[PDB]
Amino acid sequence: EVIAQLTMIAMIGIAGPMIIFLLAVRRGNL
Amino acid sequence: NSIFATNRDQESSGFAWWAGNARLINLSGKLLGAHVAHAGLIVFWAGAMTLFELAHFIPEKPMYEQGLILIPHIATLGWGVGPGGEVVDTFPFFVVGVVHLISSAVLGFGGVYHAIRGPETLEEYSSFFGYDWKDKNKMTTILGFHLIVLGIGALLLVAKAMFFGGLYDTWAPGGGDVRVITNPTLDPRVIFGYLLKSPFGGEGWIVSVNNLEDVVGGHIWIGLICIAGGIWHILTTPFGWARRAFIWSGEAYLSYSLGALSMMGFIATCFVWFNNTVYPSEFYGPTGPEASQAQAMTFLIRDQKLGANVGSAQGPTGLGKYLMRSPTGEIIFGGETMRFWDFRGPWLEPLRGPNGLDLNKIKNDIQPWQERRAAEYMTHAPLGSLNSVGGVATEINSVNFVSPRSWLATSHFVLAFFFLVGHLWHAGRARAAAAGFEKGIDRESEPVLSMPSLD
Amino acid sequence: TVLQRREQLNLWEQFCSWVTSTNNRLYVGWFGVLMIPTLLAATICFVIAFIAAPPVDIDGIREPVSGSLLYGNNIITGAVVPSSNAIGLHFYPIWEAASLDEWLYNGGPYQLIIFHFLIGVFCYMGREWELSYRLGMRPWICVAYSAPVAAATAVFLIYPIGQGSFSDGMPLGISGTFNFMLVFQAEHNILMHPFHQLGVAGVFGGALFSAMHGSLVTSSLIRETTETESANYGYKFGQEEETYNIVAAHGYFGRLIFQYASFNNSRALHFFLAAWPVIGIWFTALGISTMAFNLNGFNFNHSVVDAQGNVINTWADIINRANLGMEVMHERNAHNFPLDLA
Amino acid sequence: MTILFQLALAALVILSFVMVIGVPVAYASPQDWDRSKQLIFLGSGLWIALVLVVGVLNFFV
Amino acid sequence: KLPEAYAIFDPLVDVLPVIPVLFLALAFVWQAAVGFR
Amino acid sequence: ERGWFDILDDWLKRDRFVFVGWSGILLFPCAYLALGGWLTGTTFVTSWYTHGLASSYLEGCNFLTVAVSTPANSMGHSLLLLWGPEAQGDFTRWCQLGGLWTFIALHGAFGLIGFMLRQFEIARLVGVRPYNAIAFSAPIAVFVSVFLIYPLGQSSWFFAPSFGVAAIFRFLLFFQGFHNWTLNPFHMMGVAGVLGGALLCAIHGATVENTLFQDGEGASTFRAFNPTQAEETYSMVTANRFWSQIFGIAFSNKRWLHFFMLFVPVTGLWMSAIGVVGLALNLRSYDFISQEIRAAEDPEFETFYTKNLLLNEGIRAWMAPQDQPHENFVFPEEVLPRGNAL
Amino acid sequence: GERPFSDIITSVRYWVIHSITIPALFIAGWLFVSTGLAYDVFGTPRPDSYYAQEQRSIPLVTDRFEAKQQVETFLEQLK
Amino acid sequence: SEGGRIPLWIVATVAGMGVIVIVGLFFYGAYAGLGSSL
Ligand code: CLA
Ligand code: CLA
Ligand code: CLA
Ligand code: CLA
Ligand code: CLA
Ligand SMILES: CC1=C(/C=C/C(C)=C/C=C/C(C)=C/C=C/C=C(C)/C=C/C=C(C)/C=C/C2=C(C)CCCC2(C)C)C(C)(C)CCC1
Ligand SMILES: CC1=C(/C=C/C(C)=C/C=C/C(C)=C/C=C/C=C(C)/C=C/C=C(C)/C=C/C2=C(C)CCCC2(C)C)C(C)(C)CCC1
Ligand SMILES: CC1=C(/C=C/C(C)=C/C=C/C(C)=C/C=C/C=C(C)/C=C/C=C(C)/C=C/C2=C(C)CCCC2(C)C)C(C)(C)CCC1
Ligand SMILES: CC1=C(/C=C/C(C)=C/C=C/C(C)=C/C=C/C=C(C)/C=C/C=C(C)/C=C/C2=C(C)CCCC2(C)C)C(C)(C)CCC1
Ligand SMILES: [Ca+2]
Ligand SMILES: [Cl-]
Ligand SMILES: [Cl-]
Ligand SMILES: [Mg+2]
């Protein structure tokens, strides 16, 4: 399932930068 | 408030972003976080890679036709396999993978906690967990704790081998099989004799260990040595001669360990390339020497079946086409594989007598399973391309194969090499920093200007 | 026995002070204590063997190859020939031979030379660290030199180990070097290996950057001489002032390409000059050291196929034809079975 | 005993993804650390429990 | 193959081994967000 | 001033992000067309009708195997202009005939002229001596000798290098098998200059970085440099003593040092170009006559030189039928040179 | 005197413009191949056009001045 | 037209991810369709 594998790595791949972005918005302790 | 308001910048730390982890040298809490989080990465990979291997695993192909390196490690411990290395049960592979993957979440949790939430330095919080790199007694104490932990780890292998199902023994009489080790080799003349063997051909230093009794007994010794050494370092402080010989700093200690791991990496490269006892060829594929020997065996068998008298067959050079003498007289396979006569493997040894390969046994006693094994190993020689085209460099595309031995030897040579570079880098820097000139020459006190000219 | 131990102890300290002295014309040091005898032994044996050694049975098939000048070689064809394939990786010092005549037939000189040589250059590397420490320098010149050391180690030690024989180590000679390269391409397709490609970028780029840096500094030397003097006399050894206008040099190079492609920071520039060739050579040394375990260059032989199934050749397939020509001809009397497996 | 197992493992995967993002954000966030701390406890306890549930339920499918 | 009960998770298992690589890449996302200070 | 020439001169020499200059009128179109032709051909254009080879991403090649290949041997040294008598204005046929090869070679040649004129023009405007241009004469000598003089001496452009990664590897092995180019002392001097230049690049960069003065408090030392500063940023005196004691000799003159960094790779590339000019005429360093007379009379005499010729003979026989398709070589299997078994 | 690139590519105006033009260029290139036009502009054989069904010889150009007509003949020999 | 409103670290991350995707597609193509040897 190439569509499933691509969706999985998309959400996994977005998770990292999402953490940085949420903390930048919250002016967190980056 | 300001971009520079924290201590996590070059302005506060003296280190640029690309050396940012050096900002942690004297921040024991965050540095603890980095270490625990990194251990989570190691454990994560072990778990996730195993599940990937198992998901892709076809149990009726050889492991070494499937790009597997972790399942061979589990199978060597006797889990999941039976006679000849056949996979009888994949659930142990599944368990190892899941438990590592689950454990990596715990380590990652602790690592992230200590890295960004817990106390940044530990000394104010706890004298036990706090430390100064310059406190030599505290350094040998933590060293000692970890020596004890390592010694226990070595005894877990022993316990597996002797009390919890045994190990896979490629040498088991009648054919490779899982075997419980009941008589580990304890005689130190044997155990430490390995340490004094030449590393050159026909000797091979510790890489020559060729039976599980020596392997298990060696781990009994290492376990007790490490536990004893750990107790020693908890109860002692470094002697004067050691104090004067070493640099005492975090970066110096890092450099010692880099040199140590580099050495171990090179040792591992040679182990997986030459040893077929703790790296069974059933799981890892034949060694380079093994597959070269197996080709000679294959055409000896074929040509002898056709009527050739392989003992008297003179090759084009005057040496035997199939059989010749080593420089000390032993009967060995001919052709280029003359270089590989130190090879030993369970499919070949039934043909070996006191003087080497035995012509009578060669004429009368070669079994079909030996012909099969030699053919299999000849055609799974550890040669192949970076894009995993199996064969010699001139091979056409067709066979998707690079031996696990090549993958494991090359990766660990590369890693061991850069870790030697890192040893030199950090050892030189630690010396310069302890002496106070790691940032450059003092213009007002340049040493060479106070030296006599050379001429 | 009493204070005699102190007369021995200060004598040891005098020796230590001499060994580590910053005032010897050539620095000795503790690494030099190992380096000096091993390099002398390797040099002396190499010179004698290159001039006078008899032919060597490199491939263990009683087919001795002549390497020395007195036995019919010139500077280009001569070599010290690797030890016999019958020896393999076995350690073959003089005292393992029944005679010097046997030792010479079997390529003993090669092993003596390469083992002393490799100890020598590893200690030469340590010695570069050591003197920098005695002089109050930063320590990493030895790290740059680790690149050539890694490369020498790859061809004299790692590749023989992987292939199971010092008969496959690089010969100590000019034409023997080319032989090693050609057979290497046939057996590993090194040209198609990305670590060798990085090696080439390393040395092409190093030569480019050497010429670039040399030309840019030379272009902006400050006028301190007349036209009848070499401009080199405009610099005095140990002067405090810089001898060229780096603002002028940067102003040139920034307009040659664009401003931000040019270094204005001399320390960044010189780090780049160090790192580029050093990293390229590290990777090409790792190429040899990993093709030593037969993880070889990319293989695109017959990768392109038409709608019916006919192979459409590419330049990779033409490379393959050249590799085949070298494969089938090399060591023409040594193979009895169809595959060259080491 | 049923194939409810597929749900508990799905819950474990979802909860894991939620923790992977939420825990570092909470640890580095200025405000609402009091509320975050109890949630991290609860998420962690539920995570451990789901691991045990899946581990036990494994042997029924 | 994984035990059949877990088979639906095959595409996720295929992707997990790469996650460690993402941690190295995340360090650069983070450093860019603080301006490589 | 006034006068359209001076007004145009003003605009051409404006200080802007990308300097143009009079040289840019030649440089930018020719460089763009050479690069654009290579990208166009490697992405879309075949070599089926000139070589019997696929050579583009469109056909299934990868970055290592794509090329813009030379025209067929039957074209001779035709300029192969789009409007010329071969393609007769048909763009599609022009691509199939190999016209992109001469397009890239000729626009590339004039682009390199433009670039060296750019080095001169900028050096003159900024007021520096034009050593960077002088150093660039070496790349130009290499390009002209290899891509123009060599095929002009041979039968056709077909035997020039094709513009591709694997195509170039093929060119290297062709030169080994047919020219014995590794034996050529002009190539050997080229090798010495390239490797010597990479050595100088590494050693100079490393030496500066490890004899730096402490000019700031940071452990990362790049910030402690100021482009306008008068003082040397590293100690020439300490560097000189280090290398004097390690190696026996050291630079003492910074100007000589940086000139030498230009001299070595520039001279090496110039020497390799001279050798290629000889190979245009098959004027090879192929053999040593004294070696061949001895070996012909004495079947026990063997050197690394005779071993490499056997490899060359394999290369020629195994590679020529597909590499030279216009010759219609059919070599029956019984005539192919092969050692035992392989 | 021109505006810094870092200013340009961090402005919404830049991305408003190029959120249209960059995908348009990408899709045009895609269609240049997927419609097969690339084959005909450059004269590159499709996978079924290297050989005819019976002949297994390369259509090598052997005539300098009638090379154009010679490629024409080789192409009429397919299908 | 003012610079900085889209943070440069986000531009760099998204651009780099786009590079990774497109190069990843090219490596996928090495194993499927033309050039796959199959
Ligand atoms: C246990 C191993 C270990 C540890 C704990 C350290 C720790 C340290 N190192 Mg050392 N180092 C090591 C091994 C180690 N090193 C090795 C093996 C080498 C040789 C390569 C070095 C070479 C080295 C140098 C030259 C320097 C350090 C420095 C440092 C300090 C800062 C590190 C940092 O912030 O990097 C930040 C990390 C990065 C910038 C990323 C680097 C990525 C590498 C180059 C590429 C990885 C590619 C990957 C493996 C595969 C491809 C992936 C793909 C996405 C591209 C820190 C104390 C610095 C120092 O001296 O401080 C005092 C310093 O200048 N290290
Ligand atoms: C193994 C890889 C590794 C690890 C474990 C660390 C760890 C650390 N780094 Mg180093 N670093 C690395 C690689 C690594 N680094 C590389 C490759 C570079 C070059 C780019 C650097 C360059 C660098 C610099 C310049 C600095 C550090 C600093 C630090 C420390 C503080 C981090 C912080 O405050 O961020 C704040 C970040 C956030 C708040 C964003 C959230 C980050 C979390 C940890 C991500 C968690 C993701 C994960 C999926 C969560 C799972 C949760 C689940 C288990 C419940 C920390 C101990 C800093 C330091 O020394 O402080 C004193 C510092 O200044 N690092
Ligand atoms: C080498 C790893 C290591 C070390 C040296 C520390 C050290 C510390 N931790 Mg940290 N931590 C870690 C890993 C580590 N932790 C991990 C993996 C997690 C996730 C579970 C955490 C989560 C964590 C939290 C949430 C807190 C700490 C706290 C502390 C401090 C108080 C510890 C204490 O008094 O416990 C007392 C010790 C015991 C009660 C007995 C522990 C026995 C353990 C649980 C089992 C050991 C068995 C065996 C050795 C484990 C081997 C595992 C291996 C196979 C990987 C101390 C500095 C506290 C702190 O910093 O407060 C300011 C705190 O609040 N840690
Ligand atoms: C990770 C493991 C580890 C580490 C880092 C240390 C570190 C240390 N040990 Mg401890 N030790 C350990 C494990 C360890 N030990 C174990 C398991 C035991 C039980 C046997 C001991 C028993 C022990 C004792 C009895 C003593 C130490 C001492 C020391 C200190 C000086 C060490 C030294 O000078 O070595 C350098 C080695 C030498 C100077 C000897 C010569 C080495 C030769 C020249 C080179 C050999 C190289 C060769 C390639 C090795 C492999 C092949 C070979 C086996 C043939 C240093 C803090 C000393 C100390 O001060 O204790 C308070 C000390 O007296 N250790
Ligand atoms: C300065 C920039 C420059 C330079 C030096 C070149 C140089 C070249 N081009 Mg390139 N080209 C350029 C820009 C340039 N080009 C641009 C911008 C384009 C896109 C439009 C092209 C597109 C292009 C194509 C498609 C081709 C070339 C080709 C060539 C080569 C042959 C050119 C030729 O014979 O012209 C001859 C013309 C002159 C020398 C002009 C002289 C003008 C005189 C002095 C003025 C008087 C003329 C008079 C009024 C004319 C009367 C005619 C009347 C009697 C009918 C030559 C290497 C050919 C090639 O590479 O084949 C392999 C080829 O096929 N070029
Ligand atoms: C096990 C598991 C899990 C876990 C997971 C995890 C742990 C994750 C993580 C993740 C991550 C951790 C991610 C990250 C990512 C990252 C990224 C994606 C990055 C990228 C980067 C880039 C792209 C870069 C760029 C740049 C910059 C930034 C600057 C400089 C320049 C450059 C361009 C380089 C889950 C939950 C699924 C569930 C179940 C299973
Ligand atoms: C500090 C820091 C860092 C780092 C960090 C880290 C390194 C972390 C780690 C972390 C980790 C290390 C994490 C982990 C996690 C894990 C998890 C979360 C898991 C989970 C699991 C699961 C969920 C499972 C599931 C399952 C089962 C159970 C069965 C089979 C199937 C499956 C697989 C589905 C960085 C670099 C960023 C920078 C900044 C700072
Ligand atoms: C387990 C096992 C076994 C056993 C093993 C063992 C028993 C081991 C031991 C081991 C050991 C027992 C090791 C040792 C090592 C040592 C070392 C590695 C050392 C080092 C040293 C150093 C590094 C030093 C340095 C220095 C110098 C030289 C000069 C002065 C200064 C200093 C101190 C820096 C066997 C084989 C049976 C079998 C298999 C398994
Ligand atoms: C020829 C001709 C012409 C022209 C044309 C042109 C001018 C073109 C251009 C074209 C172009 C202009 C194209 C481009 C392309 C590009 C590409 C295709 C790219 C790719 C890239 C990539 C793939 C990347 C990669 C990488 C690197 C490099 C490093 C970093 C990392 C990575 C991996 C990302 C004319 C019309 C005049 C005329 C006719 C002929
Ligand atoms: Ca600060
Ligand atoms: Cl040969
Ligand atoms: Cl053979
Ligand atoms: Mg494809």
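As given, the protein sequences belong to chains L, H, X, C, D, G, U and R, one line each in that order. Count along the first sequence from 1, add 16, and you get the number used in UniProt numbering. Count along the second sequence from 1, add 6, and you get the number used in UniProt numbering. Count along the third sequence from 1, add 2, and you get the number used in UniProt numbering. Numbering-wise, UniProt numbering puts 47 at position 47 of the fourth sequence, and it's gapless, one number per residue. Count along the fifth sequence from 1, add 9, and you get the number used in UniProt numbering. Count along the sixth sequence from 1, add 10, and you get the number used in UniProt numbering. Count along the seventh sequence from 1, add 5, and you get the number used in UniProt numbering. Count along the eighth sequence from 1, add 2, and you get the number used in UniProt numbering. Built from N, CA and C at the ideal position, the CB exists for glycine as well.
Along chain R, in chain order, which residues have C-beta atoms closer than 8 Å to that of residue i?
i, result
"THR15 of chain U", "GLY5, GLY6, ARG7, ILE8, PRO9, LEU10 and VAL13"
For residue i versus residue j, is the C-beta spacing smaller than 9 Å?
i, j, result
"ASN322 of chain G", "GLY163 of chain G", "no"
"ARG379 of chain H", "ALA300 of chain H", "yes"
"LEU11 of chain D", "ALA61 of chain H", "yes"
"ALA14 of chain D", "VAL61 of chain C", "yes"
Closer than 8 Å by beta-carbon distance: list the chain C residues that pair up with residue i, in chain order.
i, result
"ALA14 of chain D", "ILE3, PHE5, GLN6, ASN58 and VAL61"
Name, please, each residue of chain H whose Cβ falls closer than 9 Å to the Cβ of residue i.
i, result
"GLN255 of chain G", "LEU460"
Find the nearest neighbour of residue i within the set the options, judged by alpha-carbon distance.
i, options, result
"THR53 of chain G", "G:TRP280, G:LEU43, G:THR60 and G:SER65", "G:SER65"
"residue 43 of chain R", "G:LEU45, G:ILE150, G:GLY47 and G:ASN72", "No answer is possible for residue 43 of chain R: the residues shown for chain R start at 3 and end at 40."
"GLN239 of chain G", "X:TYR262, X:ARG269, X:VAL202 and X:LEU343", "X:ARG269"
"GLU71 of chain U", "G:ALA212, G:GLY94, G:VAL76 and G:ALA77", "G:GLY94"
"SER132 of chain H", "H:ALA387, H:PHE206 and H:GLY35", "H:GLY35"
"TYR29 of chain X", "G:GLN255, G:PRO81 and G:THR60", "G:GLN255"
Which residues of chain H have a Cβ atom closer than 7 Å to the Cβ of residue i, listed in chain order?
i, result
"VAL38 of chain D", "Going along chain H, no residue has its Cβ under 7 Å from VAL38 of chain D, so there is no contact; the nearest lies around 13 Å."
Going along chain G, which residues have a C-beta under 7 Å from residue i?
i, result
"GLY37 of chain R", "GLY70, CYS71 and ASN72"
How would you list, in chain order, the residues of chain X whose beta-carbon sits under 8 Å from the beta-carbon of residue i?
i, result
"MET344 of chain H", "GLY62, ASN87, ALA88 and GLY90"
Using 9 Å as the limit for Cβ to Cβ distance, is residue i near chain A?
i, result
"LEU455 of chain H", "Absent here is chain A; the protein component of the structure consists of chains L, H, X, C, D, G, U and R."
Residue i touches chain L at which residues, Cβ-Cβ below 7 Å?
i, result
"residue 7 of chain D", "Only positions 10 to 46 of chain D appear in this structure, which leaves residue 7 of chain D out of reach."
For the 8 Å Cβ check, are there 3 or more pairs between the region 18-27 of chain U and the region 110-120 of chain G?
-> Between the region 18-27 of chain U and the region 110-120 of chain G, the count of Cβ pairs shorter than 8 Å is below three; the stretches do not touch.
So, do the region 418-431 of chain H and the region 252-266 of chain H have three or more beta carbon pairs nearer to each other than 8 Å?
-> yes
The region 35-47 of chain X touching the region 97-114 of chain X, judged by at least three CB pairs closer than 8 Å | yes
Just checking, does the region 7-24 of chain C make contact with the region 27-39 of chain L on the three C-beta pairs under 8 Å criterion?
-> yes
Just jot down, in chain order, the residues whose CB lies closer than 5 Å to any heavy atom of ligand 13.
-> R:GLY31, R:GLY35, R:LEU36 and R:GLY37
Stretch pair the region 220-229 of chain G + the region 17-26 of chain H: three plus CB contacts closer than 8 Å | By the Cβ test, the region 220-229 of chain G is in contact with the region 17-26 of chain H, since at least three Cβ pairs between them sit closer than 8 Å.
Pocket of ligand 12 defined by Cβ to heavy atom distance under 5 Å = Sorted by chain position, residues whose beta-carbon lies closer than 5 Å to a non-hydrogen atom of ligand 12 are H:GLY341, H:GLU342, X:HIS337, X:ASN338 and X:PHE339.
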